[PDB]
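The file protein_14.cif comes next; it holds mmCIF, C-alpha atoms.
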data_entry
#
loop_
_atom_site.label_atom_id
_atom_site.label_comp_id
_atom_site.auth_asym_id
_atom_site.auth_seq_id
_atom_site.Cartn_x
_atom_site.Cartn_y
_atom_site.Cartn_z
CA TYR A 1 2.88 -20.75 23.50
CA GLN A 2 4.73 -17.44 24.12
CA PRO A 3 8.45 -16.51 23.71
CA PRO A 4 10.51 -15.19 26.75
CA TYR A 5 9.20 -11.62 26.45
CA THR A 6 9.86 -9.64 29.69
CA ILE A 7 9.75 -5.79 29.48
CA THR A 8 12.41 -3.53 31.17
CA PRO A 9 12.69 0.28 31.91
CA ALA A 10 15.36 0.39 29.14
CA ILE A 11 12.82 -0.95 26.53
CA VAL A 12 10.08 1.64 27.34
CA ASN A 13 12.72 4.44 27.09
CA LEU A 14 13.88 3.08 23.68
CA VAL A 15 10.25 2.76 22.47
CA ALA A 16 9.60 6.34 23.68
CA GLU A 17 12.69 7.70 21.89
CA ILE A 18 12.10 5.69 18.62
CA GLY A 19 8.43 6.78 18.69
CA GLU A 20 9.39 10.45 19.13
CA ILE A 21 12.18 10.28 16.46
CA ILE A 22 9.61 8.78 13.96
CA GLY A 23 7.24 11.61 14.99
CA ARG A 24 9.87 13.87 13.33
CA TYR A 25 11.10 11.40 10.59
CA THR A 26 7.51 11.71 9.20
CA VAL A 27 5.88 15.26 9.13
CA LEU A 28 7.45 16.89 5.96
CA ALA A 29 10.71 14.83 6.22
CA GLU A 30 8.75 12.20 4.18
CA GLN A 31 8.35 14.87 1.43
CA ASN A 32 12.22 14.94 1.18
CA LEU A 33 12.82 11.17 0.83
CA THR A 34 13.16 10.91 -3.00
CA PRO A 35 13.20 7.54 -4.96
CA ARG A 36 17.05 7.79 -5.19
CA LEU A 37 17.32 8.21 -1.36
CA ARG A 38 14.95 5.20 -0.81
CA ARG A 39 17.19 3.23 -3.20
CA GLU A 40 20.43 4.45 -1.48
CA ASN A 41 19.04 3.15 1.83
CA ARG A 42 17.73 -0.08 0.24
CA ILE A 43 21.20 -0.69 -1.35
CA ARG A 44 22.83 -0.07 2.13
CA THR A 45 20.36 -2.57 3.72
CA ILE A 46 21.14 -5.24 1.06
CA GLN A 47 24.94 -4.70 1.05
CA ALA A 48 25.17 -4.79 4.89
CA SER A 49 22.73 -7.76 5.32
CA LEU A 50 24.80 -9.76 2.75
CA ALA A 51 28.14 -8.48 4.21
CA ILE A 52 27.15 -9.99 7.61
CA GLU A 53 26.91 -13.40 5.88
CA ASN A 54 30.50 -13.00 4.50
CA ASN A 55 29.62 -11.48 1.06
CA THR A 56 32.82 -9.68 -0.01
CA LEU A 57 31.10 -7.15 -2.40
CA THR A 58 31.52 -3.44 -1.45
CA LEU A 59 28.72 -0.82 -1.28
CA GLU A 60 30.07 0.68 -4.56
CA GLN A 61 29.86 -2.84 -6.17
CA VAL A 62 26.36 -3.70 -4.79
CA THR A 63 25.19 -0.25 -6.09
CA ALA A 64 26.62 -1.04 -9.57
CA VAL A 65 24.89 -4.51 -9.57
CA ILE A 66 21.48 -3.01 -8.72
CA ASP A 67 22.11 0.00 -11.08
CA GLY A 68 22.89 -2.37 -13.96
CA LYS A 69 26.43 -0.89 -14.37
CA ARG A 70 29.74 -2.85 -14.95
CA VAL A 71 30.52 -5.28 -12.08
CA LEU A 72 33.68 -7.35 -11.57
CA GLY A 73 33.24 -10.08 -8.96
CA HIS A 74 32.15 -13.64 -8.15
CA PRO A 75 28.95 -14.63 -10.06
CA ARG A 76 27.46 -16.28 -6.92
CA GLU A 77 27.94 -13.08 -4.83
CA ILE A 78 26.49 -10.93 -7.65
CA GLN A 79 23.42 -13.26 -7.88
CA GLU A 80 22.97 -13.00 -4.09
CA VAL A 81 22.60 -9.19 -4.61
CA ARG A 82 20.19 -9.54 -7.58
CA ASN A 83 18.01 -12.05 -5.62
CA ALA A 84 18.13 -9.88 -2.44
CA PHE A 85 17.09 -6.72 -4.38
CA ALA A 86 14.28 -8.72 -6.04
CA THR A 87 13.14 -10.05 -2.61
CA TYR A 88 13.01 -6.65 -0.76
CA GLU A 89 11.10 -5.04 -3.69
CA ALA A 90 8.32 -7.66 -3.20
CA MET A 91 7.61 -6.83 0.52
CA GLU A 92 4.36 -5.00 -0.40
CA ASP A 93 2.82 -8.45 -1.24
CA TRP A 94 3.62 -10.11 2.13
CA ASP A 95 2.01 -10.23 5.59
CA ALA A 96 4.67 -11.19 8.20
CA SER A 97 2.27 -13.71 9.88
CA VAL A 98 1.51 -15.66 6.62
CA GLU A 99 3.61 -18.89 6.33
CA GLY A 100 3.13 -18.90 2.54
CA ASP A 101 4.51 -15.34 2.25
CA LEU A 102 7.58 -16.39 4.32
CA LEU A 103 8.23 -19.28 1.89
CA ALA A 104 7.61 -17.09 -1.20
CA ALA A 105 10.28 -14.65 0.16
CA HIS A 106 12.82 -17.46 0.77
CA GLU A 107 12.20 -18.64 -2.85
CA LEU A 108 13.01 -15.18 -4.34
CA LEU A 109 16.06 -14.81 -2.07
CA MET A 110 17.60 -18.27 -2.73
CA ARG A 111 16.37 -18.93 -6.35
CA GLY A 112 19.11 -20.74 -8.33
CA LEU A 113 21.57 -20.70 -5.40
CA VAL A 114 20.36 -23.64 -3.25
CA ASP A 115 18.43 -26.97 -3.60
CA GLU A 116 15.73 -26.46 -0.88
CA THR A 117 14.03 -23.12 -1.70
CA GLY A 118 10.60 -21.93 -0.51
CA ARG A 119 10.32 -24.76 2.05
CA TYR A 120 11.70 -25.74 5.44
CA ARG A 121 14.89 -27.86 5.68
CA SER A 122 14.42 -31.65 5.55
CA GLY A 123 17.51 -32.17 7.71
CA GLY A 124 19.63 -30.62 10.43
CA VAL A 125 21.57 -27.38 10.07
CA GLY A 126 24.40 -25.63 11.95
CA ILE A 127 23.82 -22.23 13.59
CA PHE A 128 26.72 -19.80 12.97
CA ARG A 129 27.26 -16.81 15.28
CA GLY A 130 30.42 -15.18 13.90
CA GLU A 131 33.70 -16.62 15.24
CA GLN A 132 31.70 -18.53 17.91
CA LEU A 133 31.53 -22.39 18.25
CA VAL A 134 28.96 -24.00 15.87
CA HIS A 135 25.93 -25.78 17.41
CA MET A 136 23.00 -27.62 15.79
CA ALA A 137 19.51 -26.11 15.23
CA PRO A 138 16.30 -27.98 16.33
CA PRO A 139 15.52 -31.23 14.38
CA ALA A 140 13.83 -30.60 10.98
CA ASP A 141 10.61 -32.43 12.13
CA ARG A 142 10.19 -29.84 14.99
CA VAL A 143 10.45 -26.82 12.61
CA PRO A 144 6.83 -26.95 11.13
CA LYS A 145 5.21 -26.69 14.65
CA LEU A 146 7.84 -24.16 15.94
CA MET A 147 7.22 -21.93 12.89
CA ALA A 148 3.42 -22.42 13.03
CA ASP A 149 3.40 -21.33 16.70
CA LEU A 150 5.77 -18.39 16.07
CA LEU A 151 3.65 -17.09 13.11
CA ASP A 152 0.41 -17.64 15.08
CA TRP A 153 1.90 -15.69 18.00
CA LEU A 154 2.96 -12.82 15.70
CA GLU A 155 -0.61 -12.55 14.26
CA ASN A 156 -2.35 -12.45 17.69
CA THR A 157 0.37 -10.63 19.76
CA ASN A 158 -0.56 -7.52 21.79
CA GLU A 159 3.16 -6.45 21.84
CA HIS A 160 4.15 -3.31 19.92
CA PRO A 161 5.58 -3.91 16.38
CA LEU A 162 9.00 -2.55 17.59
CA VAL A 163 9.13 -5.29 20.28
CA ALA A 164 7.31 -7.97 18.20
CA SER A 165 9.93 -7.62 15.37
CA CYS A 166 12.78 -8.15 17.88
CA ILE A 167 11.04 -11.16 19.53
CA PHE A 168 10.38 -12.77 16.09
CA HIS A 169 14.02 -12.15 14.96
CA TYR A 170 15.26 -13.83 18.17
CA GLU A 171 12.92 -16.83 17.87
CA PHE A 172 13.48 -17.19 14.07
CA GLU A 173 17.30 -17.20 14.53
CA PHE A 174 17.00 -19.99 17.17
CA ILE A 175 14.86 -22.21 14.89
CA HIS A 176 16.84 -21.66 11.57
CA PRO A 177 13.89 -23.07 9.56
CA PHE A 178 15.59 -23.00 6.15
CA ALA A 179 18.62 -24.91 4.82
CA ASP A 180 20.29 -21.56 3.89
CA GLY A 181 19.83 -17.79 4.26
CA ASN A 182 18.30 -17.84 7.77
CA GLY A 183 20.31 -14.76 8.77
CA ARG A 184 19.17 -12.75 5.73
CA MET A 185 15.52 -14.02 6.26
CA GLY A 186 15.69 -12.85 9.88
CA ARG A 187 16.63 -9.25 8.96
CA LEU A 188 14.14 -9.29 6.06
CA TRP A 189 11.19 -10.36 8.21
CA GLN A 190 12.11 -7.84 10.95
CA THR A 191 11.95 -5.10 8.24
CA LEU A 192 8.57 -6.58 7.13
CA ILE A 193 7.08 -6.53 10.67
CA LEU A 194 8.25 -2.85 10.96
CA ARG A 195 6.97 -1.75 7.49
CA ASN A 196 3.59 -3.49 8.22
CA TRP A 197 3.38 -0.86 11.02
CA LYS A 198 5.07 2.10 9.28
CA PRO A 199 6.07 1.57 5.62
CA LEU A 200 8.84 4.26 5.88
CA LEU A 201 10.82 1.85 8.14
CA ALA A 202 11.27 -0.38 5.02
CA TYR A 203 13.96 2.16 4.02
CA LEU A 204 15.69 2.24 7.46
CA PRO A 205 19.28 0.89 6.95
CA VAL A 206 19.57 -0.55 10.53
CA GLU A 207 21.65 -3.42 8.98
CA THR A 208 24.68 -1.01 8.68
CA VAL A 209 24.61 -0.71 12.53
CA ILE A 210 24.25 -4.52 13.01
CA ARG A 211 27.20 -5.03 10.56
CA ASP A 212 29.45 -2.59 12.48
CA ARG A 213 28.35 -4.08 15.88
CA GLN A 214 28.56 -7.64 14.49
CA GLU A 215 30.80 -9.04 17.33
CA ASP A 216 28.40 -7.60 20.02
CA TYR A 217 25.30 -8.58 17.98
CA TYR A 218 26.27 -12.30 17.94
CA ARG A 219 27.57 -12.08 21.60
CA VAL A 220 24.25 -10.57 22.90
CA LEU A 221 22.34 -13.06 20.73
CA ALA A 222 24.41 -15.95 22.26
CA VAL A 223 24.10 -14.62 25.87
CA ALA A 224 20.31 -14.27 25.33
CA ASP A 225 20.29 -17.86 23.93
CA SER A 226 22.33 -19.18 26.94
CA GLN A 227 20.21 -17.35 29.57
CA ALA A 228 16.95 -18.27 27.63
CA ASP A 229 15.80 -14.58 27.64
CA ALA A 230 15.03 -12.31 24.62
CA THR A 231 15.14 -9.12 26.81
CA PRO A 232 18.95 -8.31 26.23
CA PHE A 233 18.56 -8.93 22.45
CA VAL A 234 15.45 -6.66 22.33
CA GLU A 235 17.48 -3.91 24.12
CA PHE A 236 20.31 -4.34 21.55
CA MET A 237 18.03 -4.30 18.48
CA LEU A 238 15.81 -1.38 19.72
CA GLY A 239 19.11 0.35 20.50
CA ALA A 240 20.44 -0.27 16.97
CA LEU A 241 17.05 0.80 15.46
CA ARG A 242 17.10 4.02 17.54
CA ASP A 243 20.68 4.78 16.42
CA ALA A 244 19.63 4.02 12.82
CA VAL A 245 16.46 6.17 12.80
CA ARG A 246 18.60 8.83 14.59
CA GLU A 247 21.40 8.90 11.90
CA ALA A 248 18.56 8.97 9.29
CA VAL A 249 17.19 12.33 10.56
CA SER A 250 20.74 13.86 10.95
CA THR A 251 21.40 13.43 7.15
CA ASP A 252 18.61 16.01 6.41
CA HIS A 253 19.70 18.58 9.10
CA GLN A 254 16.61 23.10 -6.23
CA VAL A 255 16.95 24.57 -9.78
CA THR A 256 14.05 25.16 -12.26
CA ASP A 257 13.79 23.11 -15.56
CA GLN A 258 14.85 26.39 -17.31
CA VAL A 259 17.85 27.01 -14.95
CA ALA A 260 18.89 23.27 -15.05
CA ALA A 261 19.09 23.36 -18.91
CA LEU A 262 21.40 26.47 -18.78
CA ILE A 263 23.87 24.85 -16.27
CA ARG A 264 24.17 21.74 -18.55
CA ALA A 265 24.56 24.05 -21.64
CA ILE A 266 27.60 25.91 -20.09
CA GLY A 267 29.51 22.78 -18.96
CA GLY A 268 33.24 23.46 -18.68
CA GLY A 269 33.61 26.15 -21.35
CA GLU A 270 32.67 29.86 -21.35
CA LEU A 271 29.45 30.61 -23.32
CA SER A 272 28.13 34.03 -24.43
CA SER A 273 24.40 35.07 -24.49
CA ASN A 274 24.15 34.02 -28.21
CA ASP A 275 25.99 30.70 -27.44
CA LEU A 276 23.38 29.87 -24.75
CA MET A 277 20.52 31.21 -26.96
CA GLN A 278 21.52 28.70 -29.75
CA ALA A 279 22.11 25.76 -27.32
CA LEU A 280 18.80 26.21 -25.39
CA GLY A 281 16.83 26.62 -28.69
CA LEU A 282 15.41 29.99 -27.63
CA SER A 283 14.22 32.81 -29.96
CA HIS A 284 12.75 35.35 -27.46
CA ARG A 285 15.52 37.43 -25.76
CA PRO A 286 13.45 38.81 -22.75
CA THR A 287 12.46 35.15 -21.95
CA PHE A 288 16.19 34.08 -21.94
CA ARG A 289 17.31 37.00 -19.71
CA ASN A 290 14.33 36.75 -17.25
CA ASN A 291 13.76 32.92 -17.10
CA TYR A 292 17.30 31.56 -17.75
CA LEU A 293 20.30 33.97 -17.44
CA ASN A 294 19.18 36.23 -14.46
CA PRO A 295 17.71 33.32 -12.29
CA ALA A 296 21.01 31.34 -12.64
CA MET A 297 22.96 34.60 -11.99
CA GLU A 298 20.99 35.53 -8.77
CA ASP A 299 21.10 32.03 -7.12
CA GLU A 300 24.96 32.07 -7.72
CA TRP A 301 25.11 29.13 -10.24
CA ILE A 302 26.89 31.09 -13.01
CA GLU A 303 29.44 34.00 -13.02
CA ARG A 304 30.67 36.56 -15.62
CA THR A 305 34.03 36.21 -17.44
CA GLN A 306 34.22 40.05 -17.31
CA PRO A 307 32.89 41.04 -13.80
CA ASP A 308 34.55 44.52 -14.00
CA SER A 309 32.45 45.36 -17.14
CA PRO A 310 28.86 44.07 -16.48
CA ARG A 311 27.33 45.59 -19.67
CA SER A 312 29.99 44.18 -22.06
CA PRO A 313 29.37 43.12 -25.73
CA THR A 314 32.02 40.32 -25.45
CA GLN A 315 30.33 39.05 -22.20
CA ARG A 316 30.65 35.26 -21.59
CA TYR A 317 29.58 32.97 -18.68
CA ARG A 318 31.39 30.19 -16.64
CA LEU A 319 30.00 27.90 -13.83
CA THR A 320 30.92 28.27 -10.08
CA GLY A 321 29.53 25.78 -7.51
CA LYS A 322 27.72 23.62 -10.08
CA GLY A 323 27.62 19.88 -9.31
CA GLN A 324 26.37 17.39 -11.93
CA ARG A 325 24.08 14.67 -10.37
#
Please, can you express the file's structure as structure tokens?
Amino acid sequence: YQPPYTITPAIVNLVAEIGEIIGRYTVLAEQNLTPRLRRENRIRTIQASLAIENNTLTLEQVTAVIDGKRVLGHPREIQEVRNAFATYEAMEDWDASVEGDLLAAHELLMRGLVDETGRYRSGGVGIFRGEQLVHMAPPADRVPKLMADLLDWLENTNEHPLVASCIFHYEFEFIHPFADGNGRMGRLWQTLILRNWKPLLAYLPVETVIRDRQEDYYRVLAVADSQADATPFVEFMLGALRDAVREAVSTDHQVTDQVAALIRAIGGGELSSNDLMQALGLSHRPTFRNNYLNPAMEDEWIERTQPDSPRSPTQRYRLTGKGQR
């Protein structure tokens, strides 16, 4: 068994470019990706992946759900987000070729939403490709062998993870092994195959590109299905991944704990040296001037209320370009 994998000069050029872009995306650009940035990307991945399957929640809403903040919306859509966030955070446990790990993921993703969770469908299911005509997936009794072969292929494939993830996505979408959430499981397992190669790709929000190119995504996926060839789909996905890892590097191209405490102490009002001294809980004047007032003054975080008289007794201080969080 082997899926219709046929290479093309366009694929090798996309692999070359993705490879090179990651060659930069790593280096010291990994020492810039903070936990908040990983989360921002993860929230974008979840919101877009769910948006493709007609979830009406906005990025601002999905952020608030995962943050724990106030959320007004449908309880079923909000639980889709909670389950999705829970599922992506458990990727470290799974190997993309393990059938048990695939079922454990489907369980976390569909828990409390559907009857058949963590197992393949017992009956038939319709394949939806946007506003395209619905057709039936393979019979449920064919799924176990189809999935066994696909997962065996993925374990012993010589293809590069970038290509292998696209081939699996294409084959998985054709089979639709679960009663629900096949679309979301497809994007999840593609992210898993990529993070099993480079774990930084787990925070690549390629789903925002697939959501914006949704009409073409389903059209290329249908044309590839009609012509029985994964090649055009692999070109599309490697293209989307390239554009994603490219907009990830373009986003790239700090205050001390002492300076950060002074900026928060000023706020909106105008504080004098003794007003800051009392607020910061300081008692040594040279320490305040050298470690707090002058550092914030030099890096242009704070300005003087009386700039004409620098050595003034009634001297007070107000913020300039100071952004909170």
I need the residue set behind the PyMOL selection byres ((chain A and resi 317) around 9) for this file; please write it as a compact mmCIF listing (two decimals) with C-alpha atoms, keeping the file's coordinate frame.
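Below you can see part-v6.txt, which holds the result:
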# COMPACT_ATOMS: atom_id res chain seq x y z
CA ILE A 266 27.60 25.91 -20.09
CA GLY A 269 33.61 26.15 -21.35
CA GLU A 270 32.67 29.86 -21.35
CA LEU A 271 29.45 30.61 -23.32
CA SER A 272 28.13 34.03 -24.43
CA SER A 273 24.40 35.07 -24.49
CA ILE A 302 26.89 31.09 -13.01
CA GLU A 303 29.44 34.00 -13.02
CA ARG A 304 30.67 36.56 -15.62
CA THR A 305 34.03 36.21 -17.44
CA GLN A 306 34.22 40.05 -17.31
CA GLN A 315 30.33 39.05 -22.20
CA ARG A 316 30.65 35.26 -21.59
CA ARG A 318 31.39 30.19 -16.64
CA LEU A 319 30.00 27.90 -13.83
Wanna dump the region 178-285 of chain A-region 26-45 of chain A contacts at 6 Å for me, each residue with its shortest atom pair and the distance in Å to one decimal, counting all atoms listed in the file, ordered by chain and number, as JSON lines?
{"residue": "A:203", "atom": "CA", "partner": "A:41", "partner_atom": "CA", "distance": 5.6}
{"residue": "A:205", "atom": "CA", "partner": "A:45", "partner_atom": "CA", "distance": 4.9}
{"residue": "A:207", "atom": "CA", "partner": "A:45", "partner_atom": "CA", "distance": 5.5}
Nearest-residue call for residue 151 (chain A), choices A:1, A:197, A:301, A:288, using all atoms listed in the file: A:1
Exercise: residue 190 (chain A) partners within 10 Å, only C-alpha atoms, chain neighbours under 6 positions left out, as number ranges by chain: A: 96, 161-162, 164-170, 172, 196, 202
Shortest interatomic distance to residue 11 (chain A) - which of A:237, A:282, A:248, A:293, counting only C-alpha atoms: A:237
Report as a short mmCIF file (atom, residue, chain, number, x, y, z; two decimals) with C-alpha atoms, in the coordinates of the input the residues that result from applying the PyMOL selection byres ((chain A and resi 279) around 12) to the structure here.
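The resulting file, selection-v1.cif, is shown below:
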data_model
loop_
_atom_site.label_atom_id
_atom_site.label_comp_id
_atom_site.auth_asym_id
_atom_site.auth_seq_id
_atom_site.Cartn_x
_atom_site.Cartn_y
_atom_site.Cartn_z
CA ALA A 261 19.09 23.36 -18.91
CA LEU A 262 21.40 26.47 -18.78
CA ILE A 263 23.87 24.85 -16.27
CA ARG A 264 24.17 21.74 -18.55
CA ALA A 265 24.56 24.05 -21.64
CA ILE A 266 27.60 25.91 -20.09
CA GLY A 267 29.51 22.78 -18.96
CA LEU A 271 29.45 30.61 -23.32
CA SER A 272 28.13 34.03 -24.43
CA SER A 273 24.40 35.07 -24.49
CA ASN A 274 24.15 34.02 -28.21
CA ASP A 275 25.99 30.70 -27.44
CA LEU A 276 23.38 29.87 -24.75
CA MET A 277 20.52 31.21 -26.96
CA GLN A 278 21.52 28.70 -29.75
CA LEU A 280 18.80 26.21 -25.39
CA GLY A 281 16.83 26.62 -28.69
CA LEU A 282 15.41 29.99 -27.63
CA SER A 283 14.22 32.81 -29.96
CA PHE A 288 16.19 34.08 -21.94
#
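Closest approach to residue 12 (chain A) from the set A:89, A:95, A:159, A:229 is made by A:159, with distances taken over only C-alpha atoms.
Among the candidates A:114, A:240, A:91, A:222, the residue lying nearest to residue 134 (chain A) is A:222 (atoms considered: all atoms listed in the file).
With only C-alpha atoms as the basis for measurement, A:182 is the residue among A:55, A:182, A:132, A:231 that approaches residue 110 (chain A) most closely.
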Counting all atoms listed in the file, the residue of A:67, A:243, A:171, A:80 that sits nearest residue 14 (chain A): A:243
Separation of CA of residue 136 (chain A) from CA of residue 220 (chain A) in Å: 18.5 Å
Residues selected by the PyMOL selection byres ((chain A and resi 123) around 12), written as a PyMOL selection string: chain A and resi 116+119-122+124-126+136-143+176-180
Convert the current residue selection to file output with C-alpha atoms, as an mmCIF file, keeping the file's coordinate frame.
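Once written, part.cif looks like this:
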data_model
loop_
_atom_site.group_PDB
_atom_site.id
_atom_site.type_symbol
_atom_site.label_atom_id
_atom_site.label_comp_id
_atom_site.auth_asym_id
_atom_site.auth_seq_id
_atom_site.Cartn_x
_atom_site.Cartn_y
_atom_site.Cartn_z
ATOM 1 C CA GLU A 116 15.730 -26.460 -0.880
ATOM 2 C CA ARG A 119 10.320 -24.760 2.050
ATOM 3 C CA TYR A 120 11.700 -25.740 5.440
ATOM 4 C CA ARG A 121 14.890 -27.860 5.680
ATOM 5 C CA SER A 122 14.420 -31.650 5.550
ATOM 6 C CA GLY A 124 19.630 -30.620 10.430
ATOM 7 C CA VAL A 125 21.570 -27.380 10.070
ATOM 8 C CA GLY A 126 24.400 -25.630 11.950
ATOM 9 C CA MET A 136 23.000 -27.620 15.790
ATOM 10 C CA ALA A 137 19.510 -26.110 15.230
ATOM 11 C CA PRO A 138 16.300 -27.980 16.330
ATOM 12 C CA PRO A 139 15.520 -31.230 14.380
ATOM 13 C CA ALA A 140 13.830 -30.600 10.980
ATOM 14 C CA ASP A 141 10.610 -32.430 12.130
ATOM 15 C CA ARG A 142 10.190 -29.840 14.990
ATOM 16 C CA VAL A 143 10.450 -26.820 12.610
ATOM 17 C CA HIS A 176 16.840 -21.660 11.570
ATOM 18 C CA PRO A 177 13.890 -23.070 9.560
ATOM 19 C CA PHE A 178 15.590 -23.000 6.150
ATOM 20 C CA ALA A 179 18.620 -24.910 4.820
ATOM 21 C CA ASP A 180 20.290 -21.560 3.890
#
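What separates CA of residue 198 (chain A) from CA of residue 93 (chain A) is a distance of 15.1 Å.
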CA of residue 144 (chain A) to CA of residue 118 (chain A), straight-line distance in Å: 13.2 Å
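For region 210-213 of chain A, the non-local neighbours within 8 Å, defined as residues at least 6 positions apart in the same chain or in other chains and counting only C-alpha atoms, are residues 48, 49, 51, 52 and 240 of chain A.
Point (13.6, 3.3, 19.4) has the following residues at most 7 Å away: residues 14, 15, 16, 17, 18, 19, 238, 239, 241 and 242 of chain A (atoms considered: all atoms listed in the file).
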Exercise: residues within 9 Å of coordinate (14.9, -16.4, -2.3), counting only C-alpha atoms, as number ranges by chain: A: 80, 83-84, 86-87, 103-113, 117-118, 181, 185
Could you get me a file of region 25-38 of chain A with N, CA and C atoms, as an mmCIF file, in the first residue's frame, taken from the block above?
data_model
loop_
_atom_site.group_PDB
_atom_site.id
_atom_site.type_symbol
_atom_site.label_atom_id
_atom_site.label_comp_id
_atom_site.auth_asym_id
_atom_site.auth_seq_id
_atom_site.Cartn_x
_atom_site.Cartn_y
_atom_site.Cartn_z
ATOM 1 N N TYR A 25 13.972 30.884 11.249
ATOM 2 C CA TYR A 25 12.930 30.811 12.302
ATOM 3 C C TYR A 25 13.493 30.202 13.610
ATOM 4 N N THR A 26 14.586 29.417 13.504
ATOM 5 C CA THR A 26 15.253 28.846 14.668
ATOM 6 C C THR A 26 16.325 29.845 15.181
ATOM 7 N N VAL A 27 17.636 29.500 15.028
ATOM 8 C CA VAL A 27 18.771 30.353 15.462
ATOM 9 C C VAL A 27 18.464 30.994 16.864
ATOM 10 N N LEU A 28 18.312 32.340 16.917
ATOM 11 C CA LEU A 28 17.986 33.053 18.155
ATOM 12 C C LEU A 28 16.546 33.565 18.115
ATOM 13 N N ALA A 29 15.831 33.329 16.972
ATOM 14 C CA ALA A 29 14.412 33.690 16.833
ATOM 15 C C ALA A 29 13.533 32.785 17.720
ATOM 16 N N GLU A 30 14.104 31.644 18.186
ATOM 17 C CA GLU A 30 13.451 30.757 19.149
ATOM 18 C C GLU A 30 13.566 31.335 20.556
ATOM 19 N N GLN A 31 14.633 32.153 20.804
ATOM 20 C CA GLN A 31 14.842 32.835 22.089
ATOM 21 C C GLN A 31 14.055 34.183 22.141
ATOM 22 N N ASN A 32 13.067 34.350 21.237
ATOM 23 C CA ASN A 32 12.169 35.511 21.224
ATOM 24 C C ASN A 32 10.735 35.056 21.434
ATOM 25 N N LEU A 33 10.427 33.807 21.003
ATOM 26 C CA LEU A 33 9.094 33.214 21.117
ATOM 27 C C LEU A 33 8.754 32.938 22.594
ATOM 28 N N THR A 34 8.083 33.906 23.253
ATOM 29 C CA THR A 34 7.707 33.805 24.670
ATOM 30 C C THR A 34 6.454 32.890 24.840
ATOM 31 N N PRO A 35 6.075 32.513 26.103
ATOM 32 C CA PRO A 35 4.885 31.661 26.282
ATOM 33 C C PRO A 35 3.606 32.335 25.764
ATOM 34 N N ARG A 36 3.511 33.685 25.911
ATOM 35 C CA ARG A 36 2.356 34.447 25.427
ATOM 36 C C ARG A 36 2.251 34.365 23.903
ATOM 37 N N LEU A 37 3.404 34.468 23.189
ATOM 38 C CA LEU A 37 3.432 34.377 21.721
ATOM 39 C C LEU A 37 3.041 32.967 21.253
ATOM 40 N N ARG A 38 3.561 31.909 21.940
ATOM 41 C CA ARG A 38 3.152 30.524 21.658
ATOM 42 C C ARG A 38 1.646 30.374 21.823
#
